[PDB]
J.: 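Dropping the structure in here first, questions after.
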2 protein chains.
Amino acid sequence: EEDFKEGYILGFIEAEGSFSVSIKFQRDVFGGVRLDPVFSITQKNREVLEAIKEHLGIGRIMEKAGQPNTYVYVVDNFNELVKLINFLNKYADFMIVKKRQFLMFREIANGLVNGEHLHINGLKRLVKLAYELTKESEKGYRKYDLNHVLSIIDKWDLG
Amino acid sequence: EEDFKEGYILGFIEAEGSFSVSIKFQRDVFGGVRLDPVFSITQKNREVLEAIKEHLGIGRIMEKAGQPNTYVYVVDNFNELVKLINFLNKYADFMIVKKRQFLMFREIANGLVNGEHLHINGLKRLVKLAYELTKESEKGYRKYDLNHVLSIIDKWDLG
DNA sequence: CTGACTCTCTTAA
DNA sequence: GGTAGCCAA
DNA sequence: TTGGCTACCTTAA
DNA sequence: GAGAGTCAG
Ligand SMILES: [Mg+2]
Ligand SMILES: [Mg+2]
Ligand SMILES: [Mg+2]
Ligand SMILES: [Mg+2]
């Protein structure tokens, strides 16, 4: 049964999967702030990343910078992100370890997938949701605090 | 599906599961050397460990020494170890990341279960298989090298 | 504006 | 993610 | 001899 | 496990 196989992935994602939304300051972007969603799984054994990549028909594999002979399975473009999300909604309910992260991650991805960040308030909202997301993880951090980012969005608006 | 749930576990085990066989020098044991098999999964989210434990009907949960507020799901007694192994043999075929570790782990666990370590040569073989196991691991280590352990067994045999 | 490659930072395995 | 010490059972 | 709680060591997430 | 820079597209 491949249901078992899909249980393998979801189980694998709960253990070593990663839902992240970076904030990149780009002057030519609306609001002067960009949100960049990135789902990924790191692994020494390139093999498993290959299966998953093949069973989901999305994402790419690479060498993890700074850690030679280690690989990262990544899926970040909007199109593949939707498929990824489509996939997880199916079992989201049994998601134990990372249910919240995903839910918050989906909310942001979809939000961008619906151009919510195309207006000031919309952008501020997603940015806030990104910081909430960080609060959910142990290994995450932020270069600048929320108010700082928000004050940059306001500066841009005055333009 | 209970099958999907079984895939969640196997996937979880491949990512963050642990198959270990410690060597402990105990002067009153046969060969002066003991091999101690331990399967375990560490996790901050105690919840997920509770499920797995409740689903495998075996193992225990504890806080992880040195890492307050982090938990470890451990299954090490011979009885539970067999059930654990019985479980994994089922899907052992699809195991990608840790297939070898398990196979080598099982060989040792079983070997002790059948008292193979009760005769010198038998004990020596399992000890060797343990070092092979460490070779398969990235985060493992040995306090003493193999020849040293083997020379302790020989010393004890003279007595 | 988004894609994606390069690089950086943290700790739970 | 993996080892090893100890002492009771 | 094995159980299992305590303490220690490493890096792949 | 997770965040940010840069520049081509
Ligand atoms: Mg991007
Ligand atoms: Mg792993
Ligand atoms: Mg034991
Ligand atoms: Mg891990």
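Because only heavy atoms are used, hydrogens play no part in the values below, and waters and symmetry mates are left out as well, while side chains stay in. Chain A is the first sequence line, chain B the second, and so forth, proteins listed ahead of strands; every chain is numbered from 1.
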J.: Parallel, tilted or perpendicular: which fits the ring planes of A:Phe87 and A:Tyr91, with parallel below 30° and perpendicular above 60°?
T.: tilted

J.: Under the 3.5 Å rule, do the base of E:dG4 and the side chain of B:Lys24 count as making a donor-acceptor pair?
T.: yes

J.: Should A:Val75 and A:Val72 be counted in the same cluster of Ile, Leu, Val, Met, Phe, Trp and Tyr side chains packed under 4.5 Å apart?
T.: no

J.: Base, sugar-phosphate alone, or nothing: which one does B:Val74 contact when heavy atoms must sit under 4.0 Å apart?
T.: nothing

J.: Rounding to the closest angstrom, what is the interatomic distance between C:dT11 and F:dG5 at atom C1'?
T.: 24 Å

J.: Closest approach to the side chain of B:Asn77, judged atom by atom: which nucleotide of D:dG1, D:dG5, E:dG3 is it?
T.: E:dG3

J.: Going by heavy atoms closer than 4.0 Å, what residues in residues 28-62 of chain A are next to DNA chain E?
T.: A:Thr42, A:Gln43, A:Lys44

J.: In dot-bracket form, 5' to 3', how is DNA chain C paired? Count Watson-Crick and G-U wobble pairs only if both distances fall under 3.5 Å, and write | where the partner sits on another strand.
T.: |||||||||||||

J.: I'd like to know if the side chain of B:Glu14 reaches the main chain of B:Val97, judged simply by a donor and an acceptor atom lying under 3.5 Å from each other, with no hydrogens or angles considered.
T.: yes

J.: With hydrogens left out and only the distance checked, is there a donor-acceptor pair under 3.5 Å joining B:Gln26's side chain and the base of E:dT2?
T.: yes

J.: When you get a sec, tell me which of E:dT2, F:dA4, D:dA4 is the closest nucleotide to the side chain of B:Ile23?
T.: D:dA4

J.: Which heavy-atom pair separates A:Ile96 from B:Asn45 by the least distance, and what is that distance?
T.: O-ND2, 3.9 Å

J.: Reading DNA chain E from 5' onward, which residue's closest nucleotide shows up sooner: B:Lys139 or B:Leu118?
T.: B:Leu118

J.: Which whole-number value in Å describes the distance from A:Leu146 CG to F:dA4 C1'?
T.: 17 Å

J.: Whole angstroms only, please: what is the CG-P distance between B:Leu133 and D:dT3?
T.: 7 Å

J.: Less than 3.5 Å between a donor and an acceptor, one on the side chain of B:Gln67 and one on the base of C:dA13, is that the case here?
T.: yes

J.: Mind checking whether A:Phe19 and A:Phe39 have parallel, tilted or perpendicular rings, split at 30° and 60°?
T.: tilted

J.: Have a look at A:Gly17 and say if it touches a base, only the backbone sugar-phosphate, or nothing, with a 4.0 Å heavy-atom cut-off.
T.: sugar-phosphate

J.: Within the 3.5 Å criterion, strictly below it, is a donor on A:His55 or A:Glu2 matched to an acceptor on the partner's side chain?
T.: no

J.: Please report, rounded to the nearest Å, how far the P atom of C:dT8 is from the OH atom of A:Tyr144.
T.: 15 Å

J.: Nearest-Å distance, OH (B:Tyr141) to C1' (E:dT10)?
T.: 8 Å

J.: Measuring from the side chain of A:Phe25 (C-beta onward, heavy atoms only), which nucleotide among D:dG5, C:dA4, F:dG5 has the closest atom?
T.: F:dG5

J.: Does B:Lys64 get its side chain close enough to the base of D:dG1, under 3.5 Å, for a donor-acceptor pair?
T.: yes

J.: Using atom types as modelled and distance alone, determine if a side-chain donor or acceptor of B:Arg142 lies under 3.5 Å from a backbone N or O of B:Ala130.
T.: yes

J.: Is the distance from OP1 or OP2 of D:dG2 to the nearest side-chain N or O of B:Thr134 less than 4.0 Å?
T.: no

J.: Do A:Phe4 and B:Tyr8 make the cut of ring centroids closer than 6.0 angstrom?
T.: no

J.: Taking atom P of F:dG3 as reference, at what distance in whole Å does atom CG of A:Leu129 sit?
T.: 13 Å

J.: Quickly work out the B:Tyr73 OH to E:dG4 P distance and round it to whole Å.
T.: 13 Å

J.: Here's a test of your reading of the structure: between B:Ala15 and B:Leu112, which maps to the more 5' nucleotide of DNA chain E?
T.: B:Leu112

J.: Is a side-chain N or O of A:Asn110 found less than 3.5 angstrom from the main chain of A:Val113, in a donor-acceptor match?
T.: no

J.: In whole angstrom, give me the gap between the P atoms of C:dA13 and F:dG3.
T.: 16 Å

J.: Is it true that A:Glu132 and A:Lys128 have a side-chain N and a carboxylate O under 4.0 angstrom from each other?
T.: no

J.: From CZ of B:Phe78 over to P of D:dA9, roughly how many Å is that when rounded to an integer?
T.: 19 Å

J.: D:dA4 and E:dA12: how far apart are their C1' atoms, nearest whole angstrom?
T.: 22 Å

J.: What's A:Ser137 touching, base or sugar-phosphate or nothing? Going by heavy atoms closer than 4.0 Å.
T.: sugar-phosphate

J.: Provide, to the nearest angstrom, the distance between the NZ atom belonging to B:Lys98 and the P atom belonging to C:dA13.
T.: 13 Å

J.: If I compare all heavy atoms of A:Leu112 with all of A:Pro37, which pair ends up nearest, and what's the gap?
T.: CD1-CD, 3.8 Å

